[PDB]
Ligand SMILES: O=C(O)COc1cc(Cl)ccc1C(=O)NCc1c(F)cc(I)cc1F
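Single chain ahead, written as structure tokens, the form solved without the ligand.
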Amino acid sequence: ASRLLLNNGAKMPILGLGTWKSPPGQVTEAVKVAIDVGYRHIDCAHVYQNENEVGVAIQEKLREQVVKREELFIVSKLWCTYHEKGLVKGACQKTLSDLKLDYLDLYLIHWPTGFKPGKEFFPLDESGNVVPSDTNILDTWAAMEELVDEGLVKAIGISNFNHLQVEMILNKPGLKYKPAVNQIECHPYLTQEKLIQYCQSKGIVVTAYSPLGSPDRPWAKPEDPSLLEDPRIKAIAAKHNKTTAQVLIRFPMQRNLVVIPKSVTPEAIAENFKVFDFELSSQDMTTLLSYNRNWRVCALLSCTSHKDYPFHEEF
């Protein structure tokens, strides 16, 4: 149970190294260390602006022969300003060039929301409002399918899509390729039970990001213990001779989810990998599931009036 089978027949490692919020000056060393520790799935995106530095690490370790490229599962994401049908291919080719790779194992639509094309990641009004694209989700999906046909990516998928937006793609006339994964926010305060039940029933693998939530909770007093120091979670950790971070990474894994932890320190990278030698019990799982408050941290609030804004729906 350290890889999950995708609908293209490939196996995706259930633990991924995130490069989100890893600075370019540090990320090459972070990825090298990760591959030495045993990470094989690495999660990138153009908007992180560090893909070139990730690429240096990968082909250093490929030269050293500690890993072969067919053992690596590399994913990247199409940013919102490239949703136009004519631009998707070049966005993909730029990422491949940065990563110094021939193909990606998976390529995700980052958000369902398309922005006006250009150099800016968030194109703006004279009043500072994000300017939408007029593009359809189905049009940019057509362009993503072409990437699989041309052999540039092995599978395509989506990120932060609600179930109605998934159904829209599943009902595309002449659909060639179904989404292989939907990458979503998932942690004890937002357990996403409905959306993951929907996805898994359609054969779509769910990847959790931000599995520890955010430290800044709107209901909590500054003296209230965090998730990592919560007494009941500490008790579960003590029971298994594990850290509380390790318990919270294992939590999604046992729901048959892929998990991308925040991996911004060398300590976290080493700690987060030690999650394969234990299993949480039924009682542990019910306890961890009971923290849900449907609290969403990554809500992309700047785009609430966008027609394809995902989070007005319940799931």
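Quick note: we count residues from 1 along the sequence shown, nothing fancier.
Omitted here: the form solved in complex with the ligand. The next part is about that form.
Quick check on this chain: with the ligand placed from its pose in the entry with it bound by superposing the site C-alphas, is the site open or blocked (blocked meaning at least 3 ligand atoms within 2.4 Å of backbone or C-beta)? Judged against the ligand in the entry with it bound, the pocket is blocked.
Consider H110 of the chain shown here, and say whether it contacts the ligand in the entry with it bound, taking contact as heavy atoms within 4.5 Å. Result yes; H110 sits at the interface with the ligand in the entry with it bound.
I'd like to check something about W79: if you look in the entry with it bound, is any of its heavy atoms closer than or equal to 4.5 Å to a heavy atom of the ligand? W79: yes, in contact with the ligand in the entry with it bound.
Quick check on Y309: any heavy atom within 4.5 Å of the ligand in the entry with it bound? Looking in the entry with it bound, residue contacts with the ligand include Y309, since a heavy atom lies within 4.5 Å.
Can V47 be called a contact residue for the ligand in the entry with it bound at 4.5 Å between heavy atoms? The answer is yes: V47 has a heavy atom within 4.5 Å of the ligand.
Sort through 87 to 95, 140 to 148, 171 to 179, 110 to 118 and report the only stretch with a non-hydrogen atom within 4.5 Å of the ligand in the entry with it bound. Among the listed stretches, the partner-contacting one is 110 to 118.
Suppose contact means a heavy atom within 4.5 Å; in the entry with it bound, does that hold for all of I196, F276 and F315 with the ligand? No residue of the spot touches the ligand in the entry with it bound.
Determine the residues of 197 to 235 with a heavy atom within 4.5 Å of the ligand in the entry with it bound and present them in sequence order; the list may be empty. The one in contact is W219.
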